[PDB]
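In what follows, a single structure is set out as structure tokens and then discussed.
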Amino acid sequence: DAXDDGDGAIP
Ligand SMILES: *C(=O)/C=C/CCCCCCCCCC(C)C
Ligand SMILES: CC(C)=CCC/C(C)=C/COP(=O)(O)O
Ligand SMILES: [Ca+2]
Ligand SMILES: [Ca+2]
């Protein structure tokens, strides 16, 4: 995951 928002959303 990326983004610090978990899976998907912001990469
Ligand atoms: C968050 O989504 C983390 C997920 C773990 C998987 C990451 C992808 C690893 C493999 C990438 C392979 C790239 C190819 C060879 C272009
Ligand atoms: C490492 C970089 C440059 C960004 C994306 C790499 C990746 C593993 C994406 C998956 O993240 P999500 O689950 O947040 O979509
Ligand atoms: Ca992911
Ligand atoms: Ca994300």
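To be explicit about the labels: the chains of the structure tokens are called A, B, and onward in the order shown, and within each one the residues are counted from 1, while ligands get numbers from 1 in the order they are shown.
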Which chains and residue numbers are within 9 Å of ligand 3, counting only C-alpha atoms and all ligand atoms, if I want them as a PyMOL selection string? chain A and resi 1-2+6-9+11
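From atom 15 (C, counted along the ligand's line) of ligand 1 back to atom CA of residue A:3, the distance works out to 20.5 Å.
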